[PDB]
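Only one chain is shown below, in structure tokens, and it's the form deposited in one PDB entry.
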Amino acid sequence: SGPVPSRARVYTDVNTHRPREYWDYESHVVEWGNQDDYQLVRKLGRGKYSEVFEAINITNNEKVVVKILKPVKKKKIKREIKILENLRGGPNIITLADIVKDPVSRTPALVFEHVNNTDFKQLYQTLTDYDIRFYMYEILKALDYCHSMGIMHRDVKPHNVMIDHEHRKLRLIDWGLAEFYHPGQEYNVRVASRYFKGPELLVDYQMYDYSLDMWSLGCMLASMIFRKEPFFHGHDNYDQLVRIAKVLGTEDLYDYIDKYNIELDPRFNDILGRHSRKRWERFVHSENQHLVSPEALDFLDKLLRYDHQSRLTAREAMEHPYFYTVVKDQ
């Protein structure tokens, strides 16, 4: 018959037990700040269609970033706003400083705190072993928090992690694909970015949960400790799953498909072939060896699992010995 149902193994009913207005974002009444408090300074690079700007709050001369939204997507705008408000003040979550609009045209915009980011393409080349452990821990604080608040981020990738490296200051940004978790809901699998899509998205398993974000995090960890960005580089979504299978092996993939009674698109079996699981040690070479340890490999192995229920939760990840020296520091 159809696929086996699944529910999250942590934070399952957080939204069930909240007041409706916590998660019923279409009902939210937006409290608007004053557009004339902000002046746009320079456009930032956020992709071809983005409208994201460095700006200044002219009442205090603090730098901010403004994201101008397209008003056509009313329900999606309210969802992002409600999620940002629900999570504001949480650890390592970007702060929504304001929400403003043109008073006449009503074009709305989100105003974020400024982080003095170093582009990850440059930054990740310079990070030490300790730095990777530290910033992974910071991202885990943000994911445990938002998952505990009933929210899946669904677009975890380096481009959505702002790092002010000299202040060791990290923020998880771009909550525009984030969604409230409700057990049994069949979600859109056209989320995340190709290289960070979990197997559930690539095989069209819609009843996914917070654990999708842990697969994306494991992709980032692998790219950082092995200096291979992105780590799984498919040319489309089908080839993306082949790239994962050439590392994790095809047997555990077919085991996952069988466990959830997933109907695999039939061209897949041709291109997936037959691949053994590769020992993680195989990806260590001369330029990344100083970033790899037995603890890092054990931790990565526990995030990058086909079965979403078998991946570490963010809190379980924070307990892993990979972070022992970070935890003492904090």
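We call the rigid core the largest set of C-alpha positions that still match within 1.5 Å between the two forms. The first residue of the shown sequence is 1; numbering continues from there.
- The PDB entry reports B-factors from which the mean C-alpha value can be compared for 321-329 and 4-12; the larger average falls on 321-329.
- For the pair 309-317 and 13-21, the mean B factor over Cα atoms is greater in 13-21.
- The PDB entry assigns the greatest CA B-factor among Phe299, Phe53, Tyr38, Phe283 to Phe283.
- Take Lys63, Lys67, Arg42, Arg279 and read off each C-alpha B-factor from the entry; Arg279 has the highest.
- Among all modelled residues in its chain, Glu138 ranks in the lowest third by Cα B-factor.
- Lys74 sits in the highest third of its chain by CA B factor, as recorded in the PDB entry.
- When the CA B factors of the chain's modelled residues are split into thirds, the value for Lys101 lands in the highest one.
- In this PDB entry, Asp213 carries a Cα temperature factor that places it within the lowest third of its chain's modelled residues.
- The deposited CA B-factor of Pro183 belongs to the middle third of values across its chain.
Missing here is the form deposited with a partner chain bound; even so, the following discussion is about that form.
- Heavy atoms within 4.5 Å of its partner chain in the deposited complex map, among the stretches 131-139, 189-197, 246-254, 213-221, onto 189-197 alone.
- Within this chain, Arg282 is remote from the site of its partner chain in the deposited complex, having no heavy atom within 4.5 Å.
- Its partner chain is not shown here, and in the deposited complex it never comes within 4.5 Å of any heavy atom of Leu123.
- Among residues of the shown chain, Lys169 is not one whose heavy atoms approach its partner chain to within 4.5 Å in the deposited complex.
- Looking at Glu179, you'd find a heavy atom of it within 4.5 angstroms of its partner chain in the deposited complex.
- Between its partner chain and the residues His114, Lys259, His165, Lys76, the one pair within 4.5 Å by heavy atoms in the deposited complex involves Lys76.
- In a rigid core superposition between the shown form and the other one, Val41 is the single residue of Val41, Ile262, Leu297, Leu291 whose Cα is displaced by 2 Å or more.
- Core-superposed comparison between the shown form and the other one: the C-alpha position of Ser276 differs by less than 2 Å.
- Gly184 shows a C-alpha shift below 2 Å between the shown form and the other one [criterion: core-superposed Cα displacement of 2 Å].
- In the core-superposed comparison between the shown form and the other one, the C-alpha atom of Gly89 has shifted by less than 2 angstroms.
- Panel note: the distance between the CA atoms of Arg46 and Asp131 is larger in the deposited complex than in this form, the difference being 3 Å or more.
- Whereas the shown form places them at one spacing, the Cα atoms of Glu80 and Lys48 lie at least 3 Å closer in the deposited complex.
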